[PDB]
Structures are given as structure tokens and as C-alpha cells.
>>> print(open('model-v6.txt').read())   # compact mmCIF, C-alpha atoms and all ligand atoms
# COMPACT_ATOMS: atom_id res chain seq x y z
CA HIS A 1 43.86 159.73 60.02
CA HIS A 2 44.92 156.97 57.62
CA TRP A 3 44.39 153.24 58.11
CA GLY A 4 46.83 151.08 60.04
CA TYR A 5 46.89 148.42 62.74
CA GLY A 6 46.25 150.41 65.97
CA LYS A 7 43.20 150.72 68.24
CA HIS A 8 41.93 153.78 66.41
CA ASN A 9 42.77 152.88 62.79
CA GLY A 10 43.07 149.06 62.73
CA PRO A 11 41.12 146.26 61.02
CA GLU A 12 37.79 146.93 62.80
CA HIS A 13 37.80 150.50 61.39
CA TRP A 14 38.73 149.75 57.77
CA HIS A 15 35.15 149.30 56.54
CA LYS A 16 34.46 153.04 56.95
CA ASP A 17 36.90 154.00 54.18
CA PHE A 18 36.75 150.62 52.40
CA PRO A 19 33.22 149.18 52.64
CA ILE A 20 34.35 146.03 50.74
CA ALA A 21 35.88 145.10 54.14
CA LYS A 22 32.49 143.43 54.87
CA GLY A 23 32.27 141.82 51.40
CA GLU A 24 31.63 138.31 50.21
CA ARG A 25 35.23 137.15 49.54
CA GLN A 26 37.45 138.78 52.14
CA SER A 27 40.82 137.49 53.37
CA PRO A 28 42.38 136.07 55.43
CA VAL A 29 40.30 133.12 56.68
CA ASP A 30 40.64 130.23 59.06
CA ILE A 31 41.46 127.05 57.19
CA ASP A 32 39.47 124.29 58.78
CA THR A 33 41.52 121.27 57.71
CA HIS A 34 38.78 118.72 58.21
CA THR A 35 36.26 120.67 56.03
CA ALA A 36 38.71 121.55 53.23
CA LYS A 37 38.00 119.10 50.42
CA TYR A 38 40.73 117.31 48.57
CA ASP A 39 40.30 118.25 44.90
CA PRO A 40 42.04 115.67 42.66
CA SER A 41 41.54 117.99 39.65
CA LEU A 42 43.99 120.52 41.21
CA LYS A 43 47.39 120.54 39.54
CA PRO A 44 50.79 120.77 41.20
CA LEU A 45 51.94 124.33 41.71
CA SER A 46 54.57 125.53 39.22
CA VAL A 47 56.88 128.08 40.89
CA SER A 48 59.57 129.27 38.44
CA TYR A 49 61.81 131.74 40.26
CA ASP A 50 65.19 130.86 38.66
CA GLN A 51 65.34 134.21 36.78
CA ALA A 52 63.73 136.40 39.47
CA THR A 53 65.35 139.86 39.61
CA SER A 54 64.84 141.76 42.84
CA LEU A 55 65.34 145.51 42.72
CA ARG A 56 64.64 147.10 46.02
CA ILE A 57 63.25 146.87 49.54
CA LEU A 58 60.80 149.42 50.92
CA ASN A 59 59.27 150.21 54.32
CA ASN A 60 55.80 151.43 53.30
CA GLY A 61 54.64 152.13 56.88
CA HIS A 62 52.75 148.81 57.13
CA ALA A 63 55.31 146.14 56.19
CA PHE A 64 58.54 145.86 54.22
CA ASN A 65 58.18 145.02 50.55
CA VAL A 66 60.84 143.29 48.40
CA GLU A 67 60.07 144.48 44.85
CA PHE A 68 61.00 142.72 41.63
CA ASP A 69 61.53 143.86 38.06
CA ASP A 70 58.41 142.53 36.28
CA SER A 71 59.23 144.10 32.86
CA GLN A 72 59.78 140.62 31.36
CA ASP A 73 58.38 137.12 31.76
CA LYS A 74 60.83 135.75 34.34
CA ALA A 75 59.53 134.82 37.80
CA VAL A 76 56.18 133.12 37.26
CA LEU A 77 53.58 131.15 39.15
CA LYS A 78 51.23 128.87 37.23
CA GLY A 79 49.43 125.57 37.51
CA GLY A 80 47.74 124.74 40.78
CA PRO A 81 44.25 126.27 40.65
CA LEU A 82 45.37 128.98 38.17
CA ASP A 83 44.54 129.50 34.51
CA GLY A 84 47.39 131.20 32.68
CA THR A 85 50.53 132.80 34.04
CA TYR A 86 51.07 135.12 36.95
CA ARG A 87 54.20 137.24 37.32
CA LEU A 88 55.96 137.95 40.64
CA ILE A 89 55.93 141.65 41.58
CA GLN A 90 56.77 141.68 45.28
CA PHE A 91 56.81 139.87 48.59
CA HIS A 92 56.24 140.94 52.16
CA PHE A 93 55.40 139.53 55.55
CA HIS A 94 52.92 139.94 58.41
CA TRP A 95 54.08 139.24 61.96
CA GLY A 96 53.34 139.54 65.66
CA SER A 97 54.60 141.19 68.81
CA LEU A 98 55.08 137.66 70.21
CA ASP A 99 55.76 134.27 68.59
CA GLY A 100 52.18 133.12 69.34
CA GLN A 101 50.57 135.43 66.77
CA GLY A 102 51.33 137.13 63.52
CA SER A 103 49.89 135.03 60.71
CA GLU A 104 46.82 136.22 58.81
CA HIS A 105 45.53 132.82 57.75
CA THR A 106 45.06 130.35 60.55
CA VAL A 107 44.95 126.53 60.45
CA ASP A 108 42.30 125.03 62.72
CA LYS A 109 42.57 128.41 64.58
CA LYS A 110 46.35 128.01 65.02
CA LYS A 111 48.24 131.30 64.54
CA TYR A 112 51.78 131.15 63.23
CA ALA A 113 54.50 133.64 64.18
CA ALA A 114 54.42 135.21 60.73
CA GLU A 115 53.18 134.81 57.15
CA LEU A 116 55.01 135.48 53.86
CA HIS A 117 53.03 136.71 50.87
CA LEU A 118 54.51 136.39 47.37
CA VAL A 119 52.32 138.52 45.16
CA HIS A 120 51.81 137.74 41.46
CA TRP A 121 49.66 139.37 38.76
CA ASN A 122 47.81 137.74 35.87
CA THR A 123 49.68 138.58 32.68
CA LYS A 124 46.46 138.64 30.65
CA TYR A 125 45.67 142.07 32.22
CA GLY A 126 48.96 143.66 31.15
CA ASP A 127 49.99 145.28 34.45
CA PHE A 128 49.29 144.87 38.15
CA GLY A 129 47.21 148.04 38.43
CA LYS A 130 44.72 146.67 35.90
CA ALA A 131 44.96 143.18 37.33
CA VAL A 132 43.67 144.18 40.78
CA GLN A 133 40.40 145.33 39.15
CA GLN A 134 39.63 141.74 38.12
CA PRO A 135 38.40 138.78 40.17
CA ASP A 136 41.25 136.61 38.89
CA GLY A 137 43.85 139.41 38.81
CA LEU A 138 46.29 138.25 41.49
CA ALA A 139 47.65 135.01 42.90
CA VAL A 140 49.18 135.30 46.34
CA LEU A 141 51.33 132.47 47.59
CA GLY A 142 51.07 132.39 51.39
CA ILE A 143 53.74 130.64 53.48
CA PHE A 144 53.62 130.29 57.28
CA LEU A 145 56.65 131.00 59.49
CA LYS A 146 57.29 129.19 62.78
CA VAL A 147 60.16 129.94 65.14
CA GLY A 148 62.85 127.24 65.36
CA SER A 149 65.92 126.75 63.14
CA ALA A 150 67.12 129.74 61.13
CA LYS A 151 66.17 130.10 57.47
CA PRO A 152 69.50 130.86 55.81
CA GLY A 153 67.77 132.23 52.69
CA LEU A 154 66.02 134.86 54.79
CA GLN A 155 69.15 136.35 56.36
CA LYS A 156 69.95 138.76 53.49
CA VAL A 157 66.49 140.29 54.05
CA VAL A 158 66.92 140.49 57.85
CA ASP A 159 70.29 142.20 57.49
CA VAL A 160 69.01 145.05 55.28
CA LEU A 161 66.16 146.00 57.70
CA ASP A 162 68.43 148.29 59.76
CA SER A 163 68.63 150.54 56.68
CA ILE A 164 64.83 150.89 56.22
CA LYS A 165 63.73 151.30 59.83
CA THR A 166 61.08 153.92 59.18
CA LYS A 167 58.19 154.57 56.82
CA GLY A 168 59.29 155.77 53.35
CA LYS A 169 62.82 154.41 53.55
CA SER A 170 64.05 152.21 50.72
CA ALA A 171 67.31 150.37 49.92
CA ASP A 172 68.76 148.74 46.81
CA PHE A 173 68.19 144.99 47.08
CA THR A 174 69.36 143.16 44.00
CA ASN A 175 70.06 139.51 43.31
CA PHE A 176 67.85 138.20 46.12
CA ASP A 177 66.65 134.69 45.34
CA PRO A 178 63.13 133.98 46.68
CA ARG A 179 63.59 130.25 46.18
CA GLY A 180 65.41 130.36 49.51
CA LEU A 181 62.11 131.18 51.27
CA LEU A 182 60.18 128.12 50.09
CA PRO A 183 59.47 124.98 52.10
CA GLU A 184 60.12 121.47 50.73
CA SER A 185 56.52 120.64 49.92
CA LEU A 186 54.22 122.63 47.62
CA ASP A 187 51.05 121.01 49.02
CA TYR A 188 48.50 123.81 49.35
CA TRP A 189 45.02 124.99 50.17
CA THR A 190 43.26 127.39 47.82
CA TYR A 191 40.22 129.69 47.90
CA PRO A 192 39.02 132.96 46.29
CA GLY A 193 39.65 136.06 48.40
CA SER A 194 41.08 139.54 48.68
CA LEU A 195 43.98 141.77 49.55
CA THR A 196 44.33 141.64 53.29
CA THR A 197 45.06 145.41 53.60
CA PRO A 198 43.15 148.35 52.20
CA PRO A 199 41.96 148.67 49.51
CA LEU A 200 40.87 145.07 50.27
CA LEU A 201 40.14 144.38 46.59
CA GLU A 202 38.47 141.02 45.85
CA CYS A 203 41.00 140.06 43.20
CA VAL A 204 43.07 137.24 44.75
CA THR A 205 43.31 133.53 44.21
CA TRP A 206 44.88 132.46 47.51
CA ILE A 207 47.35 129.58 47.54
CA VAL A 208 48.46 128.80 51.10
CA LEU A 209 51.21 126.22 51.57
CA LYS A 210 50.62 123.54 54.23
CA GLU A 211 54.28 123.32 55.22
CA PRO A 212 55.64 126.24 57.23
CA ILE A 213 59.19 127.47 56.98
CA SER A 214 61.25 127.70 60.17
CA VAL A 215 62.99 130.96 61.00
CA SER A 216 65.04 131.73 64.12
CA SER A 217 63.89 133.77 67.06
CA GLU A 218 66.64 136.27 66.19
CA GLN A 219 65.36 136.60 62.60
CA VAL A 220 61.80 137.44 63.64
CA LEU A 221 63.06 139.70 66.45
CA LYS A 222 64.69 141.81 63.76
CA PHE A 223 61.33 142.20 61.94
CA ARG A 224 59.96 143.57 65.22
CA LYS A 225 62.61 146.35 65.33
CA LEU A 226 61.08 148.10 62.32
CA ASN A 227 58.85 151.16 62.78
CA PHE A 228 55.38 152.02 61.38
CA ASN A 229 56.24 155.72 61.78
CA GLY A 230 58.42 157.95 59.64
CA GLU A 231 61.84 159.26 60.73
CA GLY A 232 61.52 161.90 63.43
CA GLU A 233 58.01 160.80 64.40
CA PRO A 234 57.00 159.09 67.65
CA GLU A 235 58.33 155.50 67.65
CA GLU A 236 55.70 152.81 67.04
CA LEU A 237 57.20 149.36 66.62
CA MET A 238 56.03 147.56 63.48
CA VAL A 239 54.39 144.53 65.12
CA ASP A 240 50.96 142.92 64.78
CA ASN A 241 50.53 144.03 61.20
CA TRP A 242 48.05 141.21 60.54
CA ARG A 243 44.34 141.25 59.75
CA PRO A 244 42.32 138.62 61.70
CA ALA A 245 40.37 135.85 60.01
CA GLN A 246 37.24 136.99 58.18
CA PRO A 247 33.98 135.13 57.56
CA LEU A 248 34.22 132.39 54.95
CA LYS A 249 30.67 133.06 53.68
CA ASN A 250 29.80 131.21 50.47
CA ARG A 251 33.28 129.79 49.84
CA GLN A 252 34.99 126.46 49.70
CA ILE A 253 38.62 125.88 50.63
CA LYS A 254 40.15 123.15 48.43
CA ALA A 255 43.20 121.01 49.28
CA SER A 256 45.76 119.88 46.74
CA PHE A 257 46.64 116.85 48.93
CA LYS A 258 44.98 113.89 50.70
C1 LIG A 301 45.23 149.67 44.19
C2 LIG A 301 46.53 149.33 43.55
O1 LIG A 301 47.13 150.10 42.81
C3 LIG A 301 47.11 147.98 43.84
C4 LIG A 301 47.98 147.42 42.71
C5 LIG A 301 48.98 146.45 43.37
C6 LIG A 301 48.55 146.45 44.84
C7 LIG A 301 49.58 146.04 45.88
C8 LIG A 301 50.14 144.64 45.59
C9 LIG A 301 51.11 144.20 46.70
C10 LIG A 301 50.49 144.28 48.11
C11 LIG A 301 49.46 143.14 48.28
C12 LIG A 301 48.86 143.18 49.66
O2 LIG A 301 47.83 142.22 49.80
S1 LIG A 301 48.11 140.89 50.56
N1 LIG A 301 48.48 141.28 52.09
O3 LIG A 301 46.86 140.17 50.51
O4 LIG A 301 49.21 140.24 49.91
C13 LIG A 301 48.21 144.52 49.93
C14 LIG A 301 49.27 145.59 49.79
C15 LIG A 301 49.92 145.68 48.41
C16 LIG A 301 51.03 146.73 48.50
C17 LIG A 301 48.92 146.09 47.28
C18 LIG A 301 48.18 147.41 47.58
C19 LIG A 301 47.26 147.81 46.42
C20 LIG A 301 48.00 147.86 45.09
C21 LIG A 301 49.09 148.98 45.10
ZN ZN A 302 50.13 140.36 52.80
>>> encode(input="model-v6.txt", output="C-alpha cells", more="lines below")
Ligand SMILES: CC(=O)[C@H]1CC[C@H]2[C@@H]3CC[C@@H]4C[C@H](OS(N)(=O)=O)CC[C@]4(C)[C@H]3CC[C@]12C
Ligand SMILES: [Zn+2]
Amino acid sequence: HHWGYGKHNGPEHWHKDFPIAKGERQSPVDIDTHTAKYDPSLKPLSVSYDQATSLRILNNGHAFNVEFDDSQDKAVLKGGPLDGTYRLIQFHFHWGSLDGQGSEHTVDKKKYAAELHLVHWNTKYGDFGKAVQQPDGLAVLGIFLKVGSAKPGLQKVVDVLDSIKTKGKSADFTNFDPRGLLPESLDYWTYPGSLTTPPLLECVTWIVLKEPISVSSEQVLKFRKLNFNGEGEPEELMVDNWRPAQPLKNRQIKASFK
């Protein structure tokens, strides 16, 4: 009886195995745009993905993960609210059963169709396993998806999903350029939070871009054809793999922009 997103094992149950679920810096949150304070001391984000080397794509039973070779200093996030350098390890998405839900963060209670998470670890902790034990261990770059025009840079991902339909399936996925998933603007909100799935560790500096990317209805429909279950198990479509907004508590959301 492992955690997931259903009625019996979903977000409202997670606290039993992971009591930090009710902690002081949980994610996601609602971003109230009028209360977020412009912080002129925040620096522009530096996203350096020119040398990113993707290796593989995996259905882990909760999402699909595009994993990168992080053996060298290549694909790095720095600047913004961050001290030091954070290395890209993987990205994944959260999405809905319908276009009207799917994002984890919300903006003035607006839910987007999906949300992309590019996950980076602080190089001062040597590897990602050690980094998640630290309050400044990870930086997750969150990007909203709305349904409209297709995102051409997403299509290589969409097309490989047929080969990883079920939990535990992986596929080689080299030479994928994550620059193709970024919006024009790097204006962002930022706050201290957590992983949004178990183990819910309070190790994330969140950086959520204001500008969504547009993806086509057909692109997101293909996400919704994946399965939470393993091959030969009862079919459970991989939809609504999002955690709802959690209490902000004693936190401030800061805006990089006026
Ligand atoms: C406990 C542990 O080993 C950590 C190290 C890296 C973490 C992973 C980093 C990448 C994503 C981040 C993701 O958090 S999120 N949704 O806020 O971006 C939770 C799942 C997973 C697989 C994480 C689960 C817990 C992992 C395996
Ligand atoms: Zn995520």
C-alpha cells in the first residue's frame, strides 16, 4: 500500500508515512500575485543548458522523468535567488485529467493544465542524495503549461511516451535539448519549499516562471495515455499526478519583476 494519487493513497494520506507533509515549508503553494513582493535585490536567472546531456526517460509509476548525465559541470542554474551553482539532474511534469487542472503551483488560484519541474542540485553537497538533506540542497525551476499552440521542443518527449507506457519502463533518450521547453521571459517568483511528492523533503528553493509555455491539446493528451500501473496490472491512467496547494505559513513569496 504505497503512496500515489488515488482516493486511498493520495495527498491527504501522505502524512501518515511522511509526517513532514504537515511541515513548515511544504510545496506547492498558491502564488498570490498582489502579496508577492518585488525584490530588487534578486538577480536575473542564469540558465545554462547549452551542454546538457540527456540519457534516458523513465516511467517511475508517478510521472515520467527525463534524466541527465550530471557527472560534469554542464547544465547549470545559478543567479536568481541562489548562492552558488546547481546542476540539472532531471525534469518531469505534473498534469490533469482535463485542461482545467494539473499544475501544482497556482497563480491567484488559477490552475494550469500542467507544470514542468527542472530539478537541480547544489554542487557544494557533492551529489543529489546528500543535497536533499540540506535546506538549500535543490533548486526546482517550475514552468506552467497552457493548452494552445504546440511546443515544437516538446514533441521528441511526447513521441517516446508510447515506449514507456507503464511503471518501470525506460527508454534511451539522448541529445534532448531542454532549452526548447523554456518560455521567452525568465521573470519568476521564488520561495523556500519542498519536494512535492514523498519524501516531501524541505530542501527546495522554488523558482516559478511567470510566463507559461503553450503546448497543444494533442501533446497533453499523449501525457494522459501513460499508466501509473506496471505492465500486466489493472490499467490506471496517469492523470492528476499533482499535489494541491499547501499552507504558506511563515513564508514570503518574492517576485523578480515589477
Ligand atoms: C530521497 C532521495 O534519494 C532523493 C534524491 C533525489 C530525489 C528526487 C529528485 C527528482 C524528483 C523531484 C520531485 O520533487 S518535485 N515534484 O518537487 O520536483 C520528487 C521526486 C524526485 C524523483 C525526487 C525523489 C527523492 C529523491 C530520489
Ligand atoms: Zn515535480
>>> closest_atom_pairs(input="model-v6.txt", of="chain A", to="ligand ZN 302 (chain A)", cutoff="12 Å", atoms="all atoms listed in the file", output="Markdown table")
| residue | atom | partner | partner_atom | distance |
| --- | --- | --- | --- | --- |
| A:27 | CA | A:ZN302 | ZN | 9.8 |
| A:28 | CA | A:ZN302 | ZN | 9.2 |
| A:62 | CA | A:ZN302 | ZN | 9.8 |
| A:63 | CA | A:ZN302 | ZN | 8.5 |
| A:64 | CA | A:ZN302 | ZN | 10.1 |
| A:65 | CA | A:ZN302 | ZN | 9.6 |
| A:66 | CA | A:ZN302 | ZN | 11.9 |
| A:90 | CA | A:ZN302 | ZN | 10.1 |
| A:91 | CA | A:ZN302 | ZN | 7.9 |
| A:92 | CA | A:ZN302 | ZN | 6.2 |
| A:93 | CA | A:ZN302 | ZN | 6.0 |
| A:94 | CA | A:ZN302 | ZN | 6.3 |
| A:95 | CA | A:ZN302 | ZN | 10.0 |
| A:102 | CA | A:ZN302 | ZN | 11.3 |
| A:103 | CA | A:ZN302 | ZN | 9.5 |
| A:104 | CA | A:ZN302 | ZN | 8.0 |
| A:105 | CA | A:ZN302 | ZN | 10.1 |
| A:114 | CA | A:ZN302 | ZN | 10.4 |
| A:115 | CA | A:ZN302 | ZN | 7.7 |
| A:116 | CA | A:ZN302 | ZN | 7.0 |
| A:117 | CA | A:ZN302 | ZN | 5.0 |
| A:118 | CA | A:ZN302 | ZN | 8.0 |
| A:119 | CA | A:ZN302 | ZN | 8.2 |
| A:120 | CA | A:ZN302 | ZN | 11.8 |
| A:139 | CA | A:ZN302 | ZN | 11.5 |
| A:140 | CA | A:ZN302 | ZN | 8.3 |
| A:141 | CA | A:ZN302 | ZN | 9.5 |
| A:142 | CA | A:ZN302 | ZN | 8.1 |
| A:143 | CA | A:ZN302 | ZN | 10.4 |
| A:144 | CA | A:ZN302 | ZN | 11.6 |
| A:194 | CA | A:ZN302 | ZN | 10.0 |
| A:195 | CA | A:ZN302 | ZN | 7.1 |
| A:196 | CA | A:ZN302 | ZN | 6.0 |
| A:197 | CA | A:ZN302 | ZN | 7.2 |
| A:198 | CA | A:ZN302 | ZN | 10.6 |
| A:200 | CA | A:ZN302 | ZN | 10.7 |
| A:204 | CA | A:ZN302 | ZN | 11.2 |
| A:206 | CA | A:ZN302 | ZN | 10.9 |
| A:208 | CA | A:ZN302 | ZN | 11.8 |
| A:241 | CA | A:ZN302 | ZN | 9.2 |
| A:242 | CA | A:ZN302 | ZN | 8.1 |
| A:243 | CA | A:ZN302 | ZN | 9.1 |
| A:244 | CA | A:ZN302 | ZN | 12.0 |
>>> atom_distance(input="model-v6.txt", atom1="CA of residue 26 (chain A)", atom2="CA of residue 97 (chain A)")
24.0 Å
>>> closest_atom_pairs(input="model-v6.txt", of="region 16-130 of chain A", to="region 147-167 of chain A", cutoff="6 Å", atoms="only C-alpha atoms", output="CSV")
residue,atom,partner,partner_atom,distance
A:59,CA,A:167,CA,5.1
A:60,CA,A:167,CA,5.3
A:61,CA,A:167,CA,4.3
>>> write_last_selection(input="model-v6.txt", atoms="C-alpha atoms", output="JSON list (two decimals), in the frame of the given file")
[["chain", "number", "residue", "atom", "x", "y", "z"],
["A", 59, "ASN", "CA", 59.27, 150.21, 54.32],
["A", 60, "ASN", "CA", 55.80, 151.43, 53.30],
["A", 61, "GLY", "CA", 54.64, 152.13, 56.88]]
>>> axis_aligned_box(input="model-v6.txt", around="ligand LIG 301 (chain A)", padding_each_side="5 Å", output="JSON")
{"center_x": 48.2, "center_y": 145.1, "center_z": 47.4, "size_x": 15.9, "size_y": 19.9, "size_z": 19.4}
>>> closest_residue(input="model-v6.txt", among="A:202, A:187, A:218, A:67", to="residue 170 (chain A)", atoms="all atoms listed in the file")
A:67
>>> residues_around(input="model-v6.txt", residues="residue 39 (chain A)", least_positions_apart="3", cutoff="9 Å", atoms="all atoms listed in the file", output="list in words")
residues 42, 254, 255, 256, 257 and 258 of chain A
>>> decode(input="model-v6.txt", residues="region 107-128 of chain A", atoms="N, CA, C and O atoms", output="short mmCIF file (atom, residue, chain, number, x, y, z; two decimals), in the first residue's frame")
data_model
loop_
_atom_site.label_atom_id
_atom_site.label_comp_id
_atom_site.auth_asym_id
_atom_site.auth_seq_id
_atom_site.Cartn_x
_atom_site.Cartn_y
_atom_site.Cartn_z
N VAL A 107 -1.72 30.32 -9.49
CA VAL A 107 -1.48 31.78 -9.54
C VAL A 107 -2.81 32.47 -9.33
O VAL A 107 -3.71 32.37 -10.16
N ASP A 108 -2.94 33.16 -8.19
CA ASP A 108 -4.25 33.68 -7.79
C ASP A 108 -5.36 32.61 -7.92
O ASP A 108 -6.44 32.89 -8.43
N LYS A 109 -5.04 31.40 -7.46
CA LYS A 109 -5.91 30.20 -7.51
C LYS A 109 -6.15 29.62 -8.91
O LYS A 109 -6.81 28.59 -9.04
N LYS A 110 -5.56 30.21 -9.94
CA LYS A 110 -5.64 29.63 -11.29
C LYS A 110 -4.78 28.36 -11.36
O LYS A 110 -3.58 28.39 -11.01
N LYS A 111 -5.39 27.28 -11.85
CA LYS A 111 -4.69 26.03 -12.16
C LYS A 111 -4.40 25.98 -13.65
O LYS A 111 -5.28 26.21 -14.47
N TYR A 112 -3.13 25.70 -13.98
CA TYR A 112 -2.75 25.43 -15.35
C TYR A 112 -2.94 23.97 -15.72
O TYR A 112 -3.15 23.13 -14.85
N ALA A 113 -2.89 23.66 -17.01
CA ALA A 113 -3.07 22.29 -17.46
C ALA A 113 -1.96 21.35 -16.99
O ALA A 113 -2.16 20.14 -16.89
N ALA A 114 -0.77 21.89 -16.80
CA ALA A 114 0.36 21.07 -16.39
C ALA A 114 1.44 21.97 -15.83
O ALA A 114 1.36 23.20 -15.94
N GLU A 115 2.47 21.35 -15.25
CA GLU A 115 3.62 22.06 -14.70
C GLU A 115 4.87 21.22 -14.89
O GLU A 115 4.87 20.04 -14.55
N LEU A 116 5.88 21.83 -15.48
CA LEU A 116 7.22 21.25 -15.71
C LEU A 116 8.11 21.61 -14.55
O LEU A 116 8.17 22.78 -14.16
N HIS A 117 8.83 20.62 -14.03
CA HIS A 117 9.83 20.79 -12.99
C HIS A 117 11.19 20.37 -13.49
O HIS A 117 11.39 19.19 -13.78
N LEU A 118 12.13 21.32 -13.57
CA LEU A 118 13.52 21.03 -13.88
C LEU A 118 14.29 21.06 -12.58
O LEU A 118 14.33 22.09 -11.90
N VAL A 119 14.82 19.91 -12.21
CA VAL A 119 15.37 19.69 -10.87
C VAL A 119 16.89 19.79 -10.89
O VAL A 119 17.54 19.09 -11.66
N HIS A 120 17.45 20.63 -10.01
CA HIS A 120 18.88 20.88 -9.96
C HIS A 120 19.39 20.74 -8.52
O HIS A 120 18.72 21.14 -7.59
N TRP A 121 20.61 20.21 -8.36
CA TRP A 121 21.19 20.05 -7.03
C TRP A 121 22.40 20.94 -6.82
O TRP A 121 23.19 21.17 -7.73
N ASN A 122 22.55 21.40 -5.58
CA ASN A 122 23.61 22.31 -5.18
C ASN A 122 24.94 21.57 -5.15
O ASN A 122 25.14 20.66 -4.35
N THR A 123 25.85 21.99 -6.03
CA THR A 123 27.13 21.31 -6.20
C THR A 123 27.99 21.32 -4.94
O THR A 123 28.90 20.50 -4.82
N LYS A 124 27.72 22.22 -4.00
CA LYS A 124 28.52 22.21 -2.77
C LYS A 124 28.29 20.96 -1.91
O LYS A 124 29.07 20.73 -0.98
N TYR A 125 27.24 20.19 -2.18
CA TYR A 125 26.95 18.96 -1.42
C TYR A 125 27.36 17.69 -2.16
O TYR A 125 27.13 16.59 -1.66
N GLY A 126 27.96 17.81 -3.34
CA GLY A 126 28.69 16.71 -3.97
C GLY A 126 27.86 15.73 -4.77
O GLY A 126 28.31 15.28 -5.84
N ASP A 127 26.67 15.37 -4.28
CA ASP A 127 25.70 14.62 -5.10
C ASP A 127 24.28 14.92 -4.65
O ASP A 127 24.07 15.58 -3.63
N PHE A 128 23.31 14.48 -5.44
CA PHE A 128 21.93 14.88 -5.18
C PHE A 128 21.37 14.19 -3.92
O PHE A 128 20.54 14.78 -3.23
#
